[PDB]
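Single chain ahead, written as structure tokens, the form deposited in one PDB entry.
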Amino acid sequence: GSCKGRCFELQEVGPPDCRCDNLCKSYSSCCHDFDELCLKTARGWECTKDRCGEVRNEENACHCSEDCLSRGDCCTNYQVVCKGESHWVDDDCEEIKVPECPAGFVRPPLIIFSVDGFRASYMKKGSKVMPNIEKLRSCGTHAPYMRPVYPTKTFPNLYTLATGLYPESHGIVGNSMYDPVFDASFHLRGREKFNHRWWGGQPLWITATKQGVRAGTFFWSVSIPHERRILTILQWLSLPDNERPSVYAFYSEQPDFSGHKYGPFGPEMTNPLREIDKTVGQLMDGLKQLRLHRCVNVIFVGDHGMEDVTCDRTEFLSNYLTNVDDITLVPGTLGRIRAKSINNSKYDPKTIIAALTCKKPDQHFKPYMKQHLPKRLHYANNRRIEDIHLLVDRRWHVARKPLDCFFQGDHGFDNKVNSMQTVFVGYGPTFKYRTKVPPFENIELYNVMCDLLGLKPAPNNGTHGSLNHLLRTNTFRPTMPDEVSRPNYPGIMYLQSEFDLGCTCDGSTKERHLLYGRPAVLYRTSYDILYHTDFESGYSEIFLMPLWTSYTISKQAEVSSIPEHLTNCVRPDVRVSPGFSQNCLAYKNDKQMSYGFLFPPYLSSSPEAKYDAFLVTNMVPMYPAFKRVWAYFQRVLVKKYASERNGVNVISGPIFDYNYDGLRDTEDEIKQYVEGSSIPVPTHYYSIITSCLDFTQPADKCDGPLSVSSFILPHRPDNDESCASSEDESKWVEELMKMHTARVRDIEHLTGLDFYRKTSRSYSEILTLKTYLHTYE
């Protein structure tokens, strides 16, 4: 029938009856008089001097009458223009030590002010362009930037913000995507996106509602202007106790649009940024009118940044592939390739990758099978992610052919790129005051938003506790996980004559080489701790190799060669059974597989100590192509890092992730072995390299904060990824490593290990350390 007294209901009323909620427009379900009653424009969105104390005219957009405050339907500037109040922006900064809410409020409400395409570096423009945002940032808690998820597109990131999940888990892997089981495509434009089957996880509003916390908004019909959205939130905040939501969301599509048209550094970006600020001011003036400006927690968050990208900087797949009419390409700042028709017999991923690899000197993209993408991107474990992927260089596009500028800016690139970085500000009672915090990942906010609302988060990819330092009052205290498998400490048991492995050759440990305690194994397994002069390891009897190998290299330690009488030296480990050892005959028979060592023989403390490096229990399967990467790391780079960081602690080991879910594989999940043998082949090799943040203190006597960098190098039988691999390792290996930079937390998921158990630092601080990522930007 009609929307009278029902404009912006917090309920979708039962079909077939017409709706009056904030989404009715999106479902073509509004009553005939929704536009008339609920979308009033008359006399704008701002009170004027002459309108003060007017008689209520029902048809005004917002009101300047005496009864307006009683209702909560004044314009946002009413008190400023009429009652002589100041704009929120013009008031001094003042610490909110507790929530100052009206009587009935049970929790501080949370409002999420999300902005699209908002680049981290826009905040440098400051008070001159955005005085309201600059106040929020300065007065509350802010980071220099926040890292989005890849791909750095709107919908993957927005739903990542809502769920705490990587796109591969929540299932919104792109703005555009195709699902082979559904046989349907998802797009901005279409009915398909209205089907719940695309949207996985548990967004914050569902978490809120499941636990009796009432949840507003989030998605808004695009036809509803910005000012009306702000007024509706303010109207909802004036509802009675039993009806009023404790969580709201506003979304601005700016400054993405102007970013796309004019580029990120274009002078045309100012008015759009002023427009955002104005909307923020309307919210804050509004809150201050309702006496909620020191009650509500406000998060000002972006989804990703914006880069200079013109259509003249485009790569065409038709310049590489002979039959581009046989494929479908998801184009732009990334690439996803798939067969055009499923029933094409000629289609073949191998030939396509071959044809797109290192062909032109300047080539501005790189092809990957999805499993070989840097593990830090976490973009592979979903049937909607095409097997073939193209990582496009910043500032460039990839298209299928020339007949596939109207745009000077775009985004979507690798989430470590500077231009893709975006904003975070937290303002309110629960956030800290005048506080700067380090950059962090948008996957972490869901937990924080649960904490601000007193909700138990659903399982997600944030590390709960890692952002406790953003908050005045922490409702979550993290605790270390319990160790599952106790290590064994095997003595000297077996004779050398008891081994027919086909191999030929010629105490203080713990406090020196495990600076941060023994890693805890968080699954059922059988492993041995092995002590040596120069290194300690947790040797697996199932996988026949170390789970981890830990050692410390001071700034003044020497790099010695491998003497060539020990070139093929592998020694049986007296402390481990032949039945739980590797054998060298497998390596001999396996024509594609050589081997390497986790503790480097190159950094041995003495000649006698160097022999411990050639034990069968320090040995790990390596492809000759990969041995170029690993040998350059161990020989040159680890010393380099010790010198520059005043010593370094290094924990190295294998990872098995054949089903590319970013999680530790079980035995069955291993799909490759050294031939005719039970030696499992790792998919990647990690290292965690720790030192004292204060570089003046050595690594082994650090009284302050720690400094970490890590990687997860893929274990590849070629170096096709590195187009300069024909050249010397100084030209290419370090770039390859930087691209596969990782967080310690990535390694823990992939290994089922837990590091940094014995430190003199709080566990929240350690959780922050584990989520850190060295980006090399």
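Think of the rigid core as the biggest set of C-alphas that the two forms share within 1.5 Å after superposition. Start at 1 and count along the sequence shown; that's the residue number.
**Student:** What size is the break between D506 and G507 in terms of deposited sequence residues left without coordinates: none, 1 to 3, 4 to 9, or 10 or more?
**Tutor:** Going from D506 to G507, the model skips 10 or more residues of the deposited sequence.
**Student:** Unmodelled deposited residues between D404 and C405: none, 1 to 3, 4 to 9, or 10 or more?
**Tutor:** According to the record, 4 to 9 deposited residues lack coordinates from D404 to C405.
**Student:** Averaged over C-alpha atoms, is the B-factor higher for 459 to 467 or for 636 to 644 in this PDB entry?
**Tutor:** Comparing 459 to 467 with 636 to 644, the higher mean C-alpha B-factor belongs to 636 to 644.
**Student:** Between 558 to 566 and 476 to 484, point out the one with the higher average CA B-factor as the PDB entry records it.
**Tutor:** 558 to 566 has the higher mean C-alpha B-factor.
**Student:** In terms of recorded Cα temperature factor, pick the maximum from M146, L495, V247, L136.
**Tutor:** That would be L495.
**Student:** Among the candidates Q421, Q371, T683, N319, give the one with the maximum CA B-factor reported in the record.
**Tutor:** Among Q421, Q371, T683, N319, the PDB entry lists the largest C-alpha B-factor for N319.
**Student:** Mind checking which third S341 falls in for C-alpha B-factor across the chain?
**Tutor:** Highest third.
**Student:** Tell me, lowest, middle or highest third: where does the Cα B factor of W45 rank within its chain?
**Tutor:** As the PDB entry reports it, the C-alpha B-factor of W45 lands in the middle third of its chain.
**Student:** Within this chain, which third does the Cα B-factor at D746 fall in: lowest, middle or highest?
**Tutor:** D746: CA B-factor falls in the lowest third of its chain.
**Student:** Pull the Cα B-factor of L39 out of the PDB entry and bin it into the chain's lowest, middle or highest third.
**Tutor:** As the PDB entry reports it, the C-alpha B-factor of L39 lands in the highest third of its chain.
**Student:** For the chain shown, is the CA B-factor of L769 in the lowest, middle or highest third of its modelled residues?
**Tutor:** Within its chain, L769 is a lowest-third residue by C-alpha B-factor, going by the deposited values.
There is another form of the same protein, the form deposited in another entry; it is not shown, and what comes next is about it.
**Student:** Aligned on the rigid core, do the two forms place the Cα of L767 2 Å or more apart, comparing between the shown form and the other one?
**Tutor:** Shift at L767: below 2 Å after core fit.
**Student:** Relative to the superposed rigid core, does the CA atom of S725 travel 2 Å or more between the shown form and the other one?
**Tutor:** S725: C-alpha displaced by less than 2 Å between the shown form and the other one.
**Student:** Does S29 shift between the shown form and the other one by 2 angstroms or more at the C-alpha, the core having been superposed?
**Tutor:** Yes, its C-alpha moves 2 Å or more.
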